[PDB]
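Following: one structure in structure tokens, then a few remarks.
Number of protein chains: 2
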Amino acid sequence: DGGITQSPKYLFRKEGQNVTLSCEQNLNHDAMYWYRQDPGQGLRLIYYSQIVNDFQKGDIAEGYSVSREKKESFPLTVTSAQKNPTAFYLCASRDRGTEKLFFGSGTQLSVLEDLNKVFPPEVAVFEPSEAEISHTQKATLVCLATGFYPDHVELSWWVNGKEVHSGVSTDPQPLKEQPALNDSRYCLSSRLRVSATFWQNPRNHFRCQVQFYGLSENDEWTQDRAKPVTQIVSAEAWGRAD
Amino acid sequence: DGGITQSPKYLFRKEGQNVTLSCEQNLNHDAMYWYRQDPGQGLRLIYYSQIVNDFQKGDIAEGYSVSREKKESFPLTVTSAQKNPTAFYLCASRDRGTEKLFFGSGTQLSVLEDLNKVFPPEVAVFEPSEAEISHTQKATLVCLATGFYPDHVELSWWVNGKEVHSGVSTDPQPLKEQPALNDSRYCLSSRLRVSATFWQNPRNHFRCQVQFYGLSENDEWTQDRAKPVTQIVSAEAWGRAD
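Here you go:
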């Protein structure tokens, strides 16, 4: 409804590769910004643009470039010269001076050379136990997202076609399936709780959806297995009348 | 945030089959209603419930049954006795008397027997022409949903993982691929328009998603081909730098 649109939530950058993060707004704001979140001092300005064709460097502008051909777009390019390991890039827009800034959803740019360890997740849904149903009169569906790398996923639930939020408890973050090993894949779980009668109607549909942010179409795939491109992996279940 | 949840937007009912449409609300309303939309007089009350365990018939209550075991749920059952062809069922809740009614999203119940012709759709996305790009500086992605039956679909667009609405023009309704023939499948199209520079960034992802409301897990599949169950069919494309 008129906001900021930037690059996907997760992106890949191979050592010595040029990547551009889009950023567009339909708020007719003159000023736009690009920040990088450094664990040390939080948000830090990379570049800033007051009006079309103008851009002022920030303190960490070393390795990045921007353009402002049009008022709506302020693309940030992370050049191969950029030696940063991985970071969160946030885009923002405002009127000017010291007015209110509007922020984009943010993007994590993960830097790595090997794409051998990249894997989409497998998703499964487990029905509520007959014991929970006739004790709490509630039904809990469990979703397990497993064996994916890196931790580039977003899980959501869809009941009868619409995404739901209430009754949903998802882990705050994916966890290594084996913290011990380093080249360990991640797993994530979530629970959706609905009324027992709602779960017992055979016409009710339940779907766990996991968006995986993986390799792009252009990114070259060396291995034999199907390339781990951005994709959606789902698991679904219909209501089960007792 | 606190509303009504009813059966999916589209449902199948075979001749002489009993179907139940769920309806639940977490507004703690005492009164709940079920309407049927008849092209003739618009919304008409089927059943009404003032408080737990009580339900008053409407004028068209012939062929339907309802229960009100709990305050939150008011399930409507369309019995095989119901001789209606296809209709829109809307659920609502209120405090009581003549207070304000809150409406569910609605459900179309399509009646048919040749489950032989039920078909999920095929989805394809076509890139913008290099001519449109360097003339309008805009890019238009086209999505074609084809060969599905019945017209039980919802199309949406996903840019970089987030569903978008602006720049989206979708047909108001699916059209028969051959109005002539009766057992004709449907098709639907939609266009998503983005800036040329946005489409030229190889890191930008575009996905056309079509939710098909088909057969349930329990519904028996006689044919040989994979059963046309509820599912999601997508087509995607990445940005193409000129």
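In the order they appear, the protein sequences are chains A and B.
So for the first sequence, this note's numbering puts the first residue at 1; every next one is plus one.
So for the second sequence, this note's numbering puts the first residue at 1; every next one is plus one.
Virtual Cβ for every residue (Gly too), placed ideally from N, Cα, C.
Between the C-alpha atoms of residue i and residue j, what's the straight-line distance to the nearest angstrom?
i, j, result
"A/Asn201", "B/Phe206", "35 Å"
"A/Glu154", "A/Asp30", "32 Å"
"B/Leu144", "A/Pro128", "38 Å"
"A/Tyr33", "A/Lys176", "34 Å"
"B/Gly63", "B/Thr140", "48 Å"
"B/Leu11", "A/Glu15", "51 Å"
"A/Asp224", "A/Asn116", "10 Å"
"A/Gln17", "A/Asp171", "33 Å"
"B/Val52", "B/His152", "34 Å"
"B/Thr222", "B/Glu113", "13 Å"
"B/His135", "B/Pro120", "37 Å"
"B/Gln209", "A/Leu181", "38 Å"
"A/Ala87", "A/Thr79", "14 Å"
"A/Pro174", "B/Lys57", "51 Å"
"B/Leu188", "A/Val142", "34 Å"
"B/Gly40", "B/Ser110", "18 Å"
"A/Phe198", "B/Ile232", "22 Å"
"A/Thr98", "A/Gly42", "19 Å"
"B/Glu220", "B/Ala226", "12 Å"
"B/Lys162", "A/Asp242", "37 Å"
"B/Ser22", "B/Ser7", "5 Å"
"A/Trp238", "B/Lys9", "15 Å"
"B/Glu130", "A/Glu130", "58 Å"
How is the alpha helix (DSSP H) around residue i delimited, first residue to last?
i, result
"A/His205", "No alpha helix (DSSP H) contains A/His205, which is instead part of the beta strand (DSSP E) from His205 to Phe212."
"B/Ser134", "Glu130 to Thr136"
"B/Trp199", "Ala196 to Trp199"
Taking residue i as the reference, which of the options has the closest Cα?
i, options, result
"B/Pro228", "B/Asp171, B/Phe148, B/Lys176 and B/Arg191", "B/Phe148"
"A/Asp1", "B/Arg203, B/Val164, B/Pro174 and B/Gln231", "B/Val164"
"B/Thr5", "B/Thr20, B/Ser105, B/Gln41 and B/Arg185", "B/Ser105"
"A/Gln108", "A/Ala226, A/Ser65, A/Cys208 and A/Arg13", "A/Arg13"
"B/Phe74", "B/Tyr47, B/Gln173 and B/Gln211", "B/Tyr47"
"B/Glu236", "A/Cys208, A/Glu217, A/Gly97 and A/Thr222", "A/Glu217"
"B/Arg68", "B/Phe55, B/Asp59, B/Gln209 and B/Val78", "B/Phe55"
"B/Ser190", "B/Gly97, B/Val123, B/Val19 and B/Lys9", "B/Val123"
"A/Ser234", "A/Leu90, A/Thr146 and A/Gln41", "A/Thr146"
"B/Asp183", "B/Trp158, B/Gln173 and B/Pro150", "B/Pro150"
"B/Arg240", "B/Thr86, B/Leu188, B/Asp219 and B/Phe126", "B/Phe126"
"B/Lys83", "B/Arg185, B/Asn160, B/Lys57 and B/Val19", "B/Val19"
"A/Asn160", "A/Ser169, A/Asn204 and A/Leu90", "A/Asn204"
"A/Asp38", "A/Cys23, A/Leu90, A/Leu21 and A/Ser22", "A/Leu90"
"A/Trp158", "B/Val66, B/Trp158, B/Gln211 and B/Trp199", "B/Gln211"
Going along the chain, which residues of its own chain have a beta-carbon closer than 6 Å to the beta-carbon of residue i, five neighbours each way excluded?
i, result
"B/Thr230", "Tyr213 and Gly214"
"A/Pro179", "none"
"A/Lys71", "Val52"
"B/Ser169", "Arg191"
"A/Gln50", "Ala31"
"A/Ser65", "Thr77"
"A/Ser156", "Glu163 and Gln209"
Between residue i and the rest of its own chain, which residues show a CB-CB distance below 8 Å, the 5 nearest in sequence each way excluded?
i, result
"A/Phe102", "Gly3, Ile4, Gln25, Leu27, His29, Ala92, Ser93 and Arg94"
"A/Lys100", "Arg94"
Where does the unbroken beta strand (DSSP E) through residue i begin, and where does it stop?
i, result
"A/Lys162", "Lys162 to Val164"
"A/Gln50", "No beta strand (DSSP E) contains A/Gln50, which DSSP labels as neither H nor E."
"B/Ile232", "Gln231 to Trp238"
"A/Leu115", "Run containing A/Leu115: none; DSSP gives neither H nor E here."
"A/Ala180", "Taken as a continuous stretch (DSSP letters only), A/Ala180 belongs to no beta strand (DSSP E), as it is neither H nor E."
"B/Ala81", "Taken as a continuous stretch (DSSP letters only), B/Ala81 belongs to no beta strand (DSSP E), as it is neither H nor E."
"B/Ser110", "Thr107 to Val111"
"B/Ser156", "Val153 to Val159"
"B/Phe126", "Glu122 to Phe126"
"A/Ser73", "Segment: none, A/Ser73 is in no beta strand (DSSP E) and carries neither H nor E."
"B/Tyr64", "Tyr64 to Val66"
"B/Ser169", "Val168 to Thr170"
Quick one: what's got a C-beta closer than 7 Å to residue i's C-beta in the same chain, skipping five residues either side?
i, result
"A/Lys138", "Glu132, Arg193, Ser195 and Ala196"
"A/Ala81", "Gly63"
"B/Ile60", "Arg36, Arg44 and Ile46"
"B/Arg96", "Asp30, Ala31 and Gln50"
"B/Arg185", "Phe119, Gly147, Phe148, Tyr149 and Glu177"
"B/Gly167", "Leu192, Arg193 and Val194"
"B/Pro85", "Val111"
Establish whether the CB of residue i and some CB of chain D are separated by less than 8 Å.
i, result
"B/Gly16", "Considering every chain present, this structure includes no chain D. Its protein chains are A and B."
### Task
Scan the region 5-41 of chain A and note each continuous beta strand (DSSP E) run of 3 residues or more that stays entirely inside, going in chain order.
Counting whole runs of 3 or more residues, the region 5-41 of chain A contains the beta strand (DSSP E) stretches 10-13, 19-21, 23-25 and 31-38.
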